[PDB]
Amino acid sequence: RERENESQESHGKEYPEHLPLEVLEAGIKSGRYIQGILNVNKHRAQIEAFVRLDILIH
RNA sequence: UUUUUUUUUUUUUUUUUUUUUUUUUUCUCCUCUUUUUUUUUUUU
């Protein structure tokens, strides 16, 4: 009963689609985008992703 | 004492040509464990 709900609440997209650069210059300048290096744990390597300014990416 | 006649190896040579490696499939796919991540230092 779960199965149909998870498979029909997934549609036809797997990852957020990217977008142009002029957006990213502006979003930096206006001050709504930080940017740093990104590393991952290695005991847990599908969950514990870090965004060196640390931002936890789950 | 036994004469005379019954052809034979197809004829021919003095014709133009402006393309080009290959060639045509097989789907989506659960990476298990003390961690933040350690870090100067000196002898190559």
# chains A, B, ... in the order shown; residues from 1 in each chain; ligands from 1

$ residues_around --residues "residue 56 in chain A" --least-positions-apart "5" --cutoff "12 Å" --atoms "only C-alpha atoms (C1' of nucleotides)" --output "ChimeraX atom specification"
/A:38-41,47-51

$ interface_residues --of "chain B" --to "chain A" --cutoff "10 Å" --atoms "only C-alpha atoms (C1' of nucleotides)" --output "list in words"
residues 31, 32, 33, 34, 35 and 37 of chain B

$ atom_distance --atom1 "CA of residue 25 in chain A" --atom2 "CA of residue 52 in chain A"
20.1 Å

$ select_by_dssp --residues "chain A" --states "alpha helix (DSSP H)" --output "number ranges by chain"
A: 2-8, 22-29

$ decode --residues "range 9-27 of chain A" --atoms "N, CA, C and O atoms" --output "short mmCIF file (atom, residue, chain, number, x, y, z; two decimals), in the first residue's frame"
data_model
loop_
_atom_site.label_atom_id
_atom_site.label_comp_id
_atom_site.auth_asym_id
_atom_site.auth_seq_id
_atom_site.Cartn_x
_atom_site.Cartn_y
_atom_site.Cartn_z
N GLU A 9 4.10 9.35 -5.78
CA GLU A 9 4.62 10.61 -5.27
C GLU A 9 6.07 10.86 -5.68
O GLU A 9 6.79 11.59 -5.00
N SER A 10 6.51 10.26 -6.80
CA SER A 10 7.84 10.50 -7.34
C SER A 10 7.82 11.05 -8.77
O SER A 10 8.83 11.62 -9.20
N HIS A 11 6.72 10.88 -9.50
CA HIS A 11 6.55 11.41 -10.85
C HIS A 11 7.65 11.00 -11.82
O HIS A 11 7.92 9.81 -12.00
N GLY A 12 8.28 11.99 -12.44
CA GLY A 12 9.29 11.76 -13.46
C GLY A 12 10.53 12.62 -13.32
O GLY A 12 11.16 12.97 -14.33
N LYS A 13 10.91 12.96 -12.09
CA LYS A 13 12.13 13.72 -11.84
C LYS A 13 12.82 13.18 -10.61
O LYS A 13 12.18 12.85 -9.61
N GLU A 14 14.15 13.10 -10.69
CA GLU A 14 15.00 12.54 -9.65
C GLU A 14 15.86 13.57 -8.94
O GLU A 14 16.14 13.40 -7.75
N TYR A 15 16.30 14.62 -9.63
CA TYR A 15 17.17 15.64 -9.07
C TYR A 15 16.71 17.01 -9.53
O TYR A 15 16.27 17.17 -10.68
N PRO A 16 16.77 18.00 -8.65
CA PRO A 16 16.56 19.40 -9.06
C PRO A 16 17.41 19.79 -10.26
O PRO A 16 18.63 19.61 -10.29
N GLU A 17 16.73 20.34 -11.27
CA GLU A 17 17.36 20.73 -12.52
C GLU A 17 18.08 22.06 -12.33
O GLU A 17 17.57 22.98 -11.68
N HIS A 18 19.27 22.16 -12.92
CA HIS A 18 20.12 23.32 -12.75
C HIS A 18 19.59 24.47 -13.61
O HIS A 18 18.51 24.39 -14.19
N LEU A 19 20.36 25.54 -13.70
CA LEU A 19 19.83 26.82 -14.16
C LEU A 19 21.01 27.72 -14.52
O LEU A 19 22.16 27.32 -14.32
N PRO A 20 20.79 28.92 -15.05
CA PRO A 20 21.90 29.69 -15.63
C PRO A 20 22.77 30.34 -14.57
O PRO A 20 22.59 30.17 -13.37
N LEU A 21 23.75 31.10 -15.06
CA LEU A 21 24.78 31.72 -14.24
C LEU A 21 24.41 33.13 -13.79
O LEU A 21 24.62 33.47 -12.62
N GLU A 22 23.88 33.96 -14.71
CA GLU A 22 23.49 35.32 -14.32
C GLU A 22 22.65 35.30 -13.05
O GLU A 22 22.82 36.17 -12.17
N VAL A 23 21.81 34.28 -12.90
CA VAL A 23 21.15 34.04 -11.63
C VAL A 23 22.17 33.93 -10.51
O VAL A 23 21.95 34.43 -9.41
N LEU A 24 23.31 33.27 -10.76
CA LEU A 24 24.21 33.04 -9.63
C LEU A 24 25.11 34.24 -9.29
O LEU A 24 25.30 34.52 -8.10
N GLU A 25 25.65 34.98 -10.27
CA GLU A 25 26.18 36.31 -9.96
C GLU A 25 25.22 37.13 -9.11
O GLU A 25 25.59 37.62 -8.04
N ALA A 26 23.98 37.33 -9.59
CA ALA A 26 23.06 38.17 -8.83
C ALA A 26 22.81 37.59 -7.44
O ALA A 26 22.94 38.30 -6.44
N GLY A 27 22.43 36.32 -7.35
CA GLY A 27 22.13 35.74 -6.05
C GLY A 27 23.29 35.82 -5.07
O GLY A 27 23.07 35.92 -3.86
#
